[PDB]
Structure formats: structure tokens, C-alpha cells
């Protein structure tokens, strides 16, 4: 079986700033708190690019290997798929897109992030959804914190 879900985050920063962070397939650690390092060979932002991701020390896994499936700089879509690593996420893939919006009369960014993953042996579908959703929520919360802080720092 699989878990498939979508999470939404409202970010109080302009799209061009948020996208400049999200699009860096080679630097996920800039806002994903559980990631330490990341290396991409060749043209780092091309479809088919492979990133080797180092997780922070003290986790059950240590590394993930992930492929760039989509990078659309016009419509602000990033799609990735995990293809290796010493974790238990099999057939994980995700898409995040960003969209301009207006909340409280000010320009901001809507992030929509969807995933599909297999339910691993030994876990329930509910546990699998909860695990991935909590981590994506942590990442989207961190993306908002990072970009809203960059926004504040840029203002006079």
C-alpha cells in the first residue's frame, strides 16, 4: 500500500525569495533541518541530476540518494524522487510548487507539497502518513522561518 498526501504552507515572503531557496536542488540543508550536507555532480540543476544527501548525525539513517525529476523555473515546480539510502522509504517521490498570494494585504507565497511513498514492512499506512507529514510540515515551517527572516533582513 501507499500513503499519498498534500501539505500547504502560507509564507510571508515574496515568491522570488522563497523560490530562490526551494529551487536549489543542491542545497536542501538551507532550510531542511534534518539534512547536513548535499553534493551534486555535473550541471547541478538539470533533470536527472542526482544529489547525495548527508543527514544530521544521530538519526537512524545517514544518507539519501535523490533524483531531480522536475525543475520548472517558470511555474516554480520542483519534483524529486528518492532512489537510495540507508532508510526505509521506498518509492518516495514529491512535488512542491510555489504561488504568489496576498494575506493580510501583503504579498506572500503559497507552498503546496505533495508526496507518494510505499508503506514499509512493519508500519501501518497511518504511521507512514504521520511520519512523512510531520517531517514535511517541519520543513515547510522551516522554509517559512528562513525566508521570512531573509525578508525582514532585507527591509530598511
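Positions refer to the first chain, counted from 1. What we label the rigid core is the largest C-alpha set whose atoms superpose within 1.5 Å from one form to the other.
Taking 58 to 66 and 100 to 108 in turn, the stretch whose Cα atoms are more displaced from the shown form in 6 other deposited structures of this protein following rigid core superposition is 58 to 66. Remark: when the other structures in 6 other deposited structures of this protein are fitted onto this one via the rigid core, 119 to 127 deviates more than the alternative among 119 to 127 and 32 to 40, judged by RMS CA distance. In this entry, 51 to 59 has the higher mean Cα B-factor, the comparison being between 88 to 96 and 51 to 59. For the segment pair 39 to 47 and 61 to 69, the entry gives 39 to 47 the higher mean B-factor, averaged over Cα atoms. In this structure the maximum Cα B-factor among 114, 128, 29, 109 is found at 29.
Annotation for residue 3: C-alpha temperature factor in the middle third relative to the rest of the modelled chain, per the entry. The entry lists a Cα temperature factor for residue 13 that places it in the highest third of the chain's modelled residues.
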